[PDB]
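Engineer: Structure for this input, please:
(one chain, ligands or ions: 1)
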Amino acid sequence: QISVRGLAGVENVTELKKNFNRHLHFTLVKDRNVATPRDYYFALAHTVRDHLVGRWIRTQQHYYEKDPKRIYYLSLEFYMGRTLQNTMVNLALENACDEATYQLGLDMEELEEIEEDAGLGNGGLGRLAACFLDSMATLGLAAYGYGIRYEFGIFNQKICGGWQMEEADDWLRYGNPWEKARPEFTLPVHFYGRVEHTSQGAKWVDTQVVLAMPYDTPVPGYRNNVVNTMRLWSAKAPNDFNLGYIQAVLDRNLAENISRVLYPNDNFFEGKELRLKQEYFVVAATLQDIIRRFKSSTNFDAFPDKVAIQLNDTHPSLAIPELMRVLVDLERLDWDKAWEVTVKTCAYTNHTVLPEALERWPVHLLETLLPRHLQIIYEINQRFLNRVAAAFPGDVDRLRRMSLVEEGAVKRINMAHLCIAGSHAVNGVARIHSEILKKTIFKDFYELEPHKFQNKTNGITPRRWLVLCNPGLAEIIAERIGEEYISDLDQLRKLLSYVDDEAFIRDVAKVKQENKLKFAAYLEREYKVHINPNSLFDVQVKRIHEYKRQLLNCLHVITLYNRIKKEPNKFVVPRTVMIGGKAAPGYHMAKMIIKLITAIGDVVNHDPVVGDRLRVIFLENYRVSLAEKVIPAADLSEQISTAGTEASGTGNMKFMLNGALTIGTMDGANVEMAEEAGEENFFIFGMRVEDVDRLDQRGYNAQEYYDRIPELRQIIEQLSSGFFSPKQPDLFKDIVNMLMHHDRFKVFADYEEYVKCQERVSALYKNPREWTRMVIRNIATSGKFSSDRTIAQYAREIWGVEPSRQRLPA
Ligand SMILES: OCc1cn([C@@H]2O[C@H](CO)[C@@H](O)[C@H](O)[C@H]2O)nn1
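Structural biologist: Numbers count the residues shown, from 1 in each chain. See below for the structure:
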């Protein structure tokens, strides 16, 4: 059908069709009289998978022969989403499979919808890992993603009576055609036990053993024949585990619970033992695998030359003391040499400055679970603090501040401090974030070792986030500038020369309209909700969090509603306000915010005076597959976190690439986005980081805003009195109380500027031509935010490896 989707040659189409029928028969054990759409999906998935394996085997053979430096990306989350279309895109099979299935009398897009998301992540951090894997493969790096194969990923969100309900994401029930179990490479992982000191050093003994079984998933590069591996560990009990008899077998679940479920927290630390076990489990199994591969090339001086370990947040921070443990206790290296190797091998990416998100493990947990690691952390700390003391003599406050061990009622290990000490590089994820790190929470460390601190602004893969989810836009762009931009997104700058091109303006606007119609149809079909596709699609999709300020969006929505109710017969630009995202199950305020959104919808969507001029939709079960649908459909991207709180954001970048304008604070990567596009082409509002600091200094008083803004008063009075909850007038008391008395994120302080800025948005939307021209200016300058750029920077500035667009033999 379209060019970017590749060739549909007669030879390939015929070959795909026969292998499809082969898999349906031999693999699925079905005939075409009993086969369901799901069977057809699996037959296609198996057919496409076959095309990966040849390239997968030869890529891994290529690495064995060339022995390049290997990159190990350690993450507790990989938010992969669906794999079928991505695989087709990267192998140039999309049109051929489209043709092959059509000739079999099947709609491929229908089959694509059957695939479950691999939802092994919470949001941005897990999705960043997924984009990174894609870019590393596309840039020909010898890279391995290492994580946990959760049996249950991020919960499926059901909305019931306006409330979030969670259900288990049983993503593996029908099987996962993409993974290959590798039980032959199963590794033991040790827990508990005790430390014994001998003549020949420390020994970790009397441990409980849990087996780590790897499952390998192929990660194809974009049309370069590179297929890298994501290896995910599954917890298995040893066969002599607890070996009355029946109970001992049933108690195997205790061990295997380690890989059972993803902790559903976004940007929030829950100090639970099971989570710590997960963190060590991935680290211990991964490091053995790394060392095994390294030895299969005794001399650990070359370890840092052949290995890079990237810590995605502090979650895999135990890699540092674990590497030390292995080098010192098992390989018998002296401390100093082991430490040198460790530091040069490890690098740490920080993703947050929110205090509640920072990992601080109680010493008593580490003492019981990982007694040798605690000893190593203590020794790391002492030697590190000796360096601090030597650099800043007499500065006893600094010593306390920089210690890996935090004092208090419960002693804790600050994992971020551990990571900085044991890494040669520490990076933030957007320029403003990296600067905040050096100025605030890691200031002491930056003063001690300024060379360690870097920025690596986040990115998104233009394969998934343009070509896959927005083929129409990919195509109209390719018509003008060719296909090279897909793996060289900076080429989108060439589109600046088309900003006054009447054909291009029409096409850009046509593609958006088509996307909106398709999404309006999706909503009716799958959720039975009526929306006006001519309205401005105003969308905020991301995890529900106070810092992300879905509440500020809510206030604006109510403002628009109240203004309509006051002047019913005045013209307002029609809007469909879509808000979606999951709340962590234990996050009460976030669950209340979801209820508020639906409560507002229940009032607004049924007011006859409003008509179709304002609709409020809560998008249920927001996830990667839903993002791929709603983002291409968006006109306005809400990126309205309090300045200084959203480390980068990546949703922002997705919207920019897909032809939405951005309303946002100068937070995270929004700053760089506005810088790239030009501030004129962004809807920037609200406090900057410095304004937030000034407000904190004099004290934030929400009442002041309430007293001085009548429109804001009205909303709060509406919330308090039960306007949006008549049967439970006090339902939103917690929300109002928080807003009025303990709002850490200063919702009210940005309200006026936000509403005003939103008026500027509506004004521009009234002029379709100028809206689209600004859209073109955004798409055209979104090149910097390709994860190919990000990964190339990691490669050159941290990992010490050169990216390559050179193709491997097919
Ligand atoms: O554990 C802290 C954390 C941070 N994050 C998110 O990481 C993303 C990827 O770097 C960022 O874009 C986002 O700003 C951050 O909140 N998720 N969890």
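Engineer: Once you drop chain neighbours, what's closest to the residue in the stretch 151-300 of the chain that the ligand sits nearest to?
Structural biologist: Nearest residue of the stretch 151-300 of the chain to the ligand: residue 267, at 4.3 Å (Cβ to the nearest ligand atom). To be clear about C-beta, it is placed using only N, CA and C from the backbone, and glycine gets the same treatment. The shortest distance from residue 267 to any non-neighbouring residue, by Cβ to Cβ, 6 or more residues apart in numbering, is to residue 357 (4.6 Å).
Engineer: so who does the one you found touch?
Structural biologist: Residue 357 sits next to 267-269 when contact means Cβ atoms under 8 Å, 6 or more residues apart in numbering.
Engineer: repeat for residue 141
Structural biologist: So residue 141 contacts 71, 228, 791, 795, 799, 801, 803-804 (Cβ under 8 Å, 6+ apart).
Engineer: Go again with 10 Å.
Structural biologist: Going by Cβ atoms under 10 Å, 6 or more residues apart in numbering, residue 141 touches 68-71, 73, 135, 221, 226, 228, 308, 791-792, 794-795, 799, 801-804.
Engineer: Briefly note if the helix or strand hosting residue 134 comes near the ligand.
Structural biologist: Assessed by DSSP states H and E, residue 134 sits inside helix 124-138. Yes. Contact between helix 124-138 and the ligand, assessed by Cβ under 6 Å from any ligand atom, occurs at 124-125, 128.
Engineer: following that helix, which helix or strand shows up next?
Structural biologist: According to DSSP H and E, the helix or strand after helix 124-138 is strand 143-148.
Engineer: Packing partners of that following strand?
Structural biologist: On a contact count with 3 or more Cβ pairs under 10 Å, 6 or more residues apart in numbering; DSSP states H and E, strand 143-148 meets strand 70-74, strand 78-81, helix 124-138, strand 208-220, strand 227-236, helix 273-295, strand 307-312.
Engineer: Need these in CSV (columns: distance to residue 50 and mean neighbour count).
Structural biologist: Shown next, in CSV, are the helices and strands packed on strand 143-148 (distance: least, Cβ to Cβ, whole Å; neighbours: other Cβ atoms under 10 Å):
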stretch, distance to residue 50, mean neighbour count
strand 70-74, 27, 24
strand 78-81, 20, 27
helix 124-138, 18, 27
strand 208-220, 11, 22
strand 227-236, 12, 24
helix 273-295, 26, 20
strand 307-312, 31, 25
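Engineer: Out of those, which gets nearest to residue 170?
Structural biologist: Residue 170 lies closest to strand 227-236 among those, at 15.3 Å (Cβ to Cβ).
Engineer: And the next helix or strand past the closest one?
Structural biologist: Next along from strand 227-236, by DSSP H and E: helix 245-250.
Engineer: could you point out the longest helix in this structure?
Structural biologist: Ranked by residue count and defined by DSSP state H, the top helix of the chain is helix 37-66.
Engineer: Looks to me like residue 169 is in a strand.
Structural biologist: No. Under DSSP: H, G, I helix; E, B strand; the rest coil, residue 169 sits outside any strand and is assigned coil.
Engineer: What about it, how many residues nearby?
Structural biologist: 25 (other Cβ atoms under 10 Å).
Engineer: Kindly report the same for residue 337.
Structural biologist: 14.
Engineer: ok, now how distant is it from residue 198?
Structural biologist: Distance, residue 337 to residue 198, by Cβ to Cβ, to the nearest Å: 20 Å.
Engineer: dump the residue contacts of the residue of the stretch 451-600 of the chain found nearest the ligand.
Structural biologist: Taking Cβ to the nearest ligand atom, the ligand has its nearest neighbour within the stretch 451-600 of the chain at residue 458, 5.2 Å off. Neighbour list for residue 458: 124-125, 127-128, 131-132, 349, 351, 428-430, 433, 647-650, 652-653, 668-669, 672, 785, 787, 789-790 [criterion: Cβ under 10 Å, 6+ apart].
Engineer: so how far is residue 661 from it?
Structural biologist: Distance from residue 458 to residue 661, by Cβ to Cβ: 20 Å.
Engineer: mind giving me the domain split of the protein?
Structural biologist: Here the domain parsing of the chain from curated CATH domains is 1-459+787-810, 460-786.
Engineer: Quick one: end-to-end distance for the longest one.
Structural biologist: One end of domain 1-459+787-810 sits 25 Å from the other (Cα to Cα, to the nearest Å).
Engineer: which of the residues in stretch 168-186 are buried?
Structural biologist: Within stretch 168-186, the residues scored as buried using 16 or more other Cβ atoms under 10 Å are 169, 171, 176-179, 186.
Engineer: try stretch 184-203
Structural biologist: 186-187, 189-191, 193, 195, 202.
Engineer: swap in stretch 97-111?
Structural biologist: In stretch 97-111, the ones that count as buried by 16+ other Cβ under 10 Å are 97-101, 104, 106, 108, 111.
Engineer: Same list (the residues you listed) but as CSV, adding secondary structure and distance to residue 749.
Structural biologist: Converted to CSV, the buried residues of stretch 97-111 look like this (DSSP: H, G, I helix; E, B strand; the rest coil; distance: Cβ to Cβ, whole Å):
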residue, secondary structure, distance to residue 749
97, helix, 52
98, helix, 51
99, helix, 56
100, helix, 57
101, helix, 54
104, coil, 59
106, coil, 55
108, helix, 49
111, helix, 49
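Engineer: could you measure the nearest residue to residue 553 once chain neighbours are set aside against residue 383, distance?
Structural biologist: Excluding the flanking residues, the one nearest residue 553 by Cβ to Cβ, 6+ apart is residue 540, at 5.3 Å. Relative to residue 383, residue 540 is positioned 47 Å away (Cβ to Cβ).
Engineer: Could you tell me which residues of the protein lie near the ligand?
Structural biologist: 124-125, 128, 266-267, 313, 351-352, 357, 429, 458, 646-650, 668.
Engineer: For residue 476, what is the enclosing helix or strand?
Structural biologist: Here residue 476 is assigned to helix 471-481, by DSSP H and E.
Engineer: how far off helix 471-481 does the very next helix or strand once past that helix point, in degrees?
Structural biologist: From helix 471-481 onward toward the C-terminus, using DSSP H and E, the following helix or strand is helix 502-527. Helix 502-527 and helix 471-481 are oriented at 170 degrees to each other (axes from the mean of the first three to the mean of the last three Cα atoms, to 10 degrees).
Engineer: Report all helices and strands that helix 502-527 contacts.
Structural biologist: helix 471-481, strand 536-541, strand 575-580, strand 614-619, helix 624-633, helix 768-780.
Engineer: ok, the second one: who's next to it in the sheet?
Structural biologist: Counting by DSSP bridges, the strands paired with strand 536-541 are strand 575-580 (parallel), strand 636-639 (parallel).
Engineer: now, of these, which is deepest in the fold?
Structural biologist: With neighbours defined as mean count of other Cβ atoms under 10 Å, these peak in mean count at strand 636-639, which reaches a mean of 28.
Engineer: how about the CA coordinates for it, as PDB?
Structural biologist: Extracted in PDB, the C-alpha atoms of strand 636-639 (Å, rounded to 0.1, in the frame of the first residue of the first chain):
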ATOM      1  CA  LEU A 636      -2.500  19.100  22.100                       C
ATOM      2  CA  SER A 637       0.100  17.400  24.300                       C
ATOM      3  CA  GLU A 638      -0.300  18.200  28.000                       C
ATOM      4  CA  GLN A 639       3.100  18.300  29.700                       C
END
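Engineer: Centre of the chain to the next helix-or-strand element following that strand, how far?
Structural biologist: For strand 636-639, the following helix or strand on the C-terminal side (DSSP H and E) is helix 651-657. From the chain centre to the centre of helix 651-657 is a distance of 13 Å (Cα atoms, centre = their mean, to the nearest Å).
Engineer: What residues of the helix or strand that comes right after helix 651-657 count as buried?
Structural biologist: For helix 651-657, the succeeding helix or strand toward the C-terminus, using DSSP H and E, is strand 661-664. By 16+ other Cβ under 10 Å, the buried positions in strand 661-664 come out as 661-664.
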